[PDB]
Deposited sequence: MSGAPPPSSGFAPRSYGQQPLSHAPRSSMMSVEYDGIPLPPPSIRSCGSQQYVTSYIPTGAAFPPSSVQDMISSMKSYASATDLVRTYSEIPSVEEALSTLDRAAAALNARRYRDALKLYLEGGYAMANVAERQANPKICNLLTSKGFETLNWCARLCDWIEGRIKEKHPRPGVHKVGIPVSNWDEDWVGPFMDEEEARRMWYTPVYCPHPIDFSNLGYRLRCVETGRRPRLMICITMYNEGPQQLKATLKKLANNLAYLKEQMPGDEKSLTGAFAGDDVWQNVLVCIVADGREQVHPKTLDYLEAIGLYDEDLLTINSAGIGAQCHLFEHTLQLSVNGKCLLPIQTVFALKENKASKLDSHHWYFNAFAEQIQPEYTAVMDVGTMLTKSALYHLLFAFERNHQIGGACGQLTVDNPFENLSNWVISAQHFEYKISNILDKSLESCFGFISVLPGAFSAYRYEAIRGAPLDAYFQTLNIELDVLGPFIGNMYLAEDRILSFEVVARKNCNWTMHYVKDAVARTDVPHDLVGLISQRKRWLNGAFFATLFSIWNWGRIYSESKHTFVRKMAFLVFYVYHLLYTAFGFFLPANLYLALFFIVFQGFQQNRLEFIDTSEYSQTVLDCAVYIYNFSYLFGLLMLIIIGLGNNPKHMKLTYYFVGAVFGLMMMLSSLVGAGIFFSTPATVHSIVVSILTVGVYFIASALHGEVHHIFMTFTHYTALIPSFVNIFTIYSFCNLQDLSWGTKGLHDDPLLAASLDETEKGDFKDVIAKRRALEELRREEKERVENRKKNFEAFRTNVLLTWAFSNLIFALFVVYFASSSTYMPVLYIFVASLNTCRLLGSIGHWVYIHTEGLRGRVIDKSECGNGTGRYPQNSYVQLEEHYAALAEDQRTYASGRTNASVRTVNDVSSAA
């Protein structure tokens, strides 16, 4: 028996008792339903309101249809798709904008055709697996077209029409199977060189500069003189090079892209928001790709056309995901010869591409190459110390380490900004191991492989060399100069260096672990294997020396300066005077300052992000810099006061002057003269702060009834709880690993320093350090000289062999 519940939702508060008996008797609910007339008025109002559709409602219904389709529920998807298609078809007539009307009409027709196909599939007429809306790319005229633009030859269709398509491909390996195609393949062009420009949260100016530099490189390639020994021949000749080059600009997510970048892209005809909103309504695409042959004009000079494909990902992932999409999809479809990777803002010189291609074509044993990386405008604003220190570090690292490693044909790390490979040595296993993280969950891999995060360059570089049944070697080209932009503040440098150091350490450990694969699996010459063994020994010694660097720096500074002051070993002054208080005071002050600084640095680094601790980092860096400058002046005075000896001059040369000798040999000596002091002032800051912050923040990484409804809710809750538990366990394991590594490193350094400062004297310790440093620098100088000899001799001597 129904109670008096006729007015229950209208009244503010109603209390009712609902008995569970033997269900409500029939013929009573009918009277209650039929006795209400307000329902008729409500239905009339709803029908009046629902007569006129809206664009937003149609788009929302299509989005819901896509969400239902992704959940493998097909009848609801069909109903929602039909509703959305009819709504869009009705709306299209009302709109006054011609472009909007045309897009709405086309989308409505496409949705209705997809509804028909899905209905046929449900009935069983069509037998397919995982049916999805058919691929349909739309070409529209570009809003801005430059009438005053002179080019080689442009078809009107190619010159005035920009093409768009949304891609749903979840695994990029299946891009070609799902039926997606690029304009280059359709037009019959077969590009031989591909360039990828990863982008994320960047201003328009950087992208404009990068595109201008690429256009200048293409122009330089076009004007190459024919009939010369040094001229490229074939697919990279003149007047037709631009048809063999494709530029893929991959963005990392619509949410984080700077709006002015989107405005600039729309200006050059590579992005349109209305088309993206309309044509991607029901697809639920993972990515949106626009295609054009863009034409750029700078000042009164018109550049060459660039065949550009702009791929914008809906969500946000890592740069490795952008490389995944680029390599797998575009390379496996186009099948090019070379493959260049660069970042946004990397401005190239006119001859960079020419030098890379010349090396690749002439040598032919090269599976990868990297150019020289420089700091833009180093001399300008010379008063800044961080910029000059970075310039010195880049120059010295390039010369010495890159030359030494390129002599043996194995470069430890390709920069990842302006590097190149050939798509024959990386097609198989090297790329599979490159994207191991993206294909396997971090739970299975473990903490060691997972913490090798942002170290992907070294993984690819090592996998190329040690490939089974192949002998691919890497190379370093000096003349391919690319200028980047560096942070102007200490905090920016500290933030930047963390990824570099984590990746370097763990990739170095991986390479040391797996170096045997070169001899066990690869197919190299015996001479190459012996050279690799020598380089392996040198690499082990260098890494071992670099692991104990803070302790060695502390010991050197302490012994030389402060125990020379305390125990009368400075030569330009005598400390046999003084009241025995200053002599101990110097050592005590040094020890207390060093220990307090290290404690503060480790607390800050393990504690918080280095953005709100700007003042404290600046203070610690200033203290260490003043200490290092004072120590350098004292050491210079000591060296010049000594009457000099053969051993002294030999050690001084092989320790310090190797930098100047190599720089003068390669002709880049003025930069060293300008920036030597600035780099010297930041050595302890570099070592201590960067290593501590790298180790401390190692954790950072990426129909049914009622019972069916209840079961679904319970299953969803259980799955969510299991997922949360798994994520928690993963984070626990990675935190444990990073803490163990940091404890081992710090305690090893402390124990070494204490044992050497208590049981050893300066006279019985300093010669060993001098010998070690001299040996390392002698090896590096020999490597640099060998690289210079090769680069200046092999060109002439290739005729002999």
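K.L.:
Without any C-alpha position in the structure, which residue ranges of the deposited sequence would you list, numbering from 1?
P.N.:
The deposited sequence has unmodelled segments at 1 to 39, 742 to 761, 861 to 913.
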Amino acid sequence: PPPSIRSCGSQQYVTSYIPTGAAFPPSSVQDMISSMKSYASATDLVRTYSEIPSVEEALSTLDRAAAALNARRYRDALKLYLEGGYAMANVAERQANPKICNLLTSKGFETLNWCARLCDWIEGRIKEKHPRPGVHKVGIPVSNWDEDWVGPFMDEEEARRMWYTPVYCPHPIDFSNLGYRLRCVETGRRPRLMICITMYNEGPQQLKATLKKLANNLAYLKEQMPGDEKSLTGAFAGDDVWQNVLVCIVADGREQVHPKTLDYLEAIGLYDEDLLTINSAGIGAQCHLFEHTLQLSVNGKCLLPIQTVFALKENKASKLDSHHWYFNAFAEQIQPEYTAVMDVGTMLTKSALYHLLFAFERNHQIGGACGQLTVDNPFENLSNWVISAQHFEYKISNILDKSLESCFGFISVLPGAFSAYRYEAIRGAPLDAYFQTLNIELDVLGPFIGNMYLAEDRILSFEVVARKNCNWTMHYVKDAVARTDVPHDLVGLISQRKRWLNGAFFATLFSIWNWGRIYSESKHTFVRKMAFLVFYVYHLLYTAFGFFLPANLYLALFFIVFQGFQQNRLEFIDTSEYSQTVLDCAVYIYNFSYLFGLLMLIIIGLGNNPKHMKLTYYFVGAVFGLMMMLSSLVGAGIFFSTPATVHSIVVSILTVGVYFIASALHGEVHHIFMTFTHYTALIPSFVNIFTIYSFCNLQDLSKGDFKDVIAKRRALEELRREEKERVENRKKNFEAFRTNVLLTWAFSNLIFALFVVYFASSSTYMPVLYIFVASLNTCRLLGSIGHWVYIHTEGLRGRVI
From here on, numbers count along this sequence of modelled residues.
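Basically, rigid core = biggest C-alpha set you can superpose within 1.5 Å across the two forms.
K.L.:
Fitting on the rigid core only, I'd like to know which of the two stretches, 202 to 210 or 448 to 456, ends up farther away in Cα terms in 4 other deposited structures of this protein.
P.N.:
The stretch that sits farther from the shown form in 4 other deposited structures of this protein is 448 to 456.
K.L.:
In 4 other deposited structures of this protein, superposed by the rigid core, which stretch departs further from the shown form in CA positions, 571 to 579 or 400 to 408?
P.N.:
The stretch that sits farther from the shown form in 4 other deposited structures of this protein is 571 to 579.
K.L.:
Tell whether, across the other compared PDB entries, at least a third have no coordinates for residue 15.
P.N.:
Residue status for residue 15: gap in at least one third of the other entries.
K.L.:
Indicate yes or no: is residue 52 absent from the model in at least a third of the other PDB entries of this protein that were compared?
P.N.:
Counting only entries that model residues on both sides, residue 52 is resolved in every one of them.
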